[PDB]
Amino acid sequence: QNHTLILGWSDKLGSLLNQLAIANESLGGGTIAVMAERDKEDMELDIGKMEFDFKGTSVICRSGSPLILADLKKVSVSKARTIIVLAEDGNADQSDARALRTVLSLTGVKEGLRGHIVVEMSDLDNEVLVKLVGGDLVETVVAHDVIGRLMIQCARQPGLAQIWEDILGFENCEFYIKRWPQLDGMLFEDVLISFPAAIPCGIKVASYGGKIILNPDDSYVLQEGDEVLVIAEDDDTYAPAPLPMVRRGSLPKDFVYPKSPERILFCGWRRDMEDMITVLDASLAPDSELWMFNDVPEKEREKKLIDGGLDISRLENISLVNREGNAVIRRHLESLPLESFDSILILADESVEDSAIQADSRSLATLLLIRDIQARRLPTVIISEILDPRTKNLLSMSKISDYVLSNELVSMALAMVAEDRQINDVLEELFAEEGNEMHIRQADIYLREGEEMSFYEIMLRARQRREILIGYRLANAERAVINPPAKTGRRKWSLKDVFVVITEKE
């Protein structure tokens, strides 16, 4: 039957369904079963009111418990190509306790499973046990952790918020892995320029057990069994073609400039915030500063951080500045040097995160106050965490929408891992401090003002500094273009254009 089975119901369900319908469109639609401990008629009424085009995919609703075999058989658990275990809204520990029981129940199905299980986890500290019992069947996506990592990357490089929104999920272009036997024996540097409608980003190496290698060496020779990872518009829109001849050349300014220290403000004590501090410390230049403004008394912060595993005496690049106050009170915020921050993250505070409507209400209040304080004393990059995807969609035609990053990104990640489990490893690397990550790079590294050249020609220059070029954003365009059309056509570039690459760090 090879349908997608979703176990549970949450605020993320509608956007997850949408993503799966987009992914299935190239098939002419598929089948999604949703099983939840709710009345079947209510579920059907709610699905019937969703406002997105199902694109030929049909959704079936059943009432039942994922711990009850009789209920799992109502939805053909053992024939599904993927099973997605949705987190419950609310308390992260309760949700993760249910996730663990569900995974145990699924691993107990005696007929076995055809597909893999994608588990939406809410707290990183609960992941090890779920992975331990789920073995080779389970992929975990730790939603809270992912969102923190994305907020940091977008704080560091603002234009990335639009790029990540484009790449995640199934609108526009995303990652695909597929076997191309006619490419065996090719060097990766030729594979790179072999697909008119795609960009190769890495290789699934068969002699490594199927391990995905992002940004491999140009001299890697594809072996029998290897597959190519690409960015492409859909699973069936791209294929290799005879090699174009691409003019070669040199980089004009292949330099590394000393990265400048950054000053970042975290508003709110986010659950597990030490995990963000660790990521930040491994991402910023030395002598950077992290300001934490929140209502936890300073005396007690060190205890919270050390119990979550952070040694604040071994931080390498950031110093911590603590300030105490209420992020919705004007008078407390105005004592901050707001104008001095390179970026400000407004985080859902651990004391209210169990109610998305209350957390989101506070984050939006804080946003407005910060803007107004600054405006009123004037004779900045702000990112706000939003927990309910419906509130993000509701904001979409508001200016405020530029200042928000939502759990819709979690639904997009869940759908990608549901469609190909190995994409979890790709996104894990790109979200991690180690290994490859996305960067927006000035044009004067790659070309001189007005130089007439093709996307492929820039791509080969970018390989001299060990980057995979995936797109660009022209000087006065509002959106970057990922996986551009007509990669052999030439144009005159500007030093105000910028390029999007996959690269290792310094």
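Counting begins at 1, following the sequence as shown.
In the deposited entry, the stretch joining residue 379 to residue 380 is interrupted by 10 or more residues of the deposited sequence lacking coordinates. Stretches 156-164 and 255-263 differ in mean C-alpha B factor, with the higher average recorded for 255-263.
In this entry, 355-363 shows the higher mean Cα temperature factor of the pair 417-425 and 355-363. Of the candidates 323, 110, 144, 101, the deposited coordinates give 110 the top C-alpha B factor. Across 342, 224, 93, 125, the entry's maximum B-factor at the CA atom is seen for 224. Residue 67: CA B factor in the highest third of modelled residues in this chain (values from the PDB entry). Remark: residue 435 belongs to the middle third of its chain, ranked by C-alpha B-factor as recorded.
Per the PDB record, residue ranking by Cα B-factor puts residue 387 in the middle third of the chain. The PDB entry assigns residue 393 a C-alpha temperature factor belonging to the highest third of its chain's modelled residues.
Among the modelled residues of the chain, residue 469 sits in the lowest third by CA temperature factor in this PDB entry.
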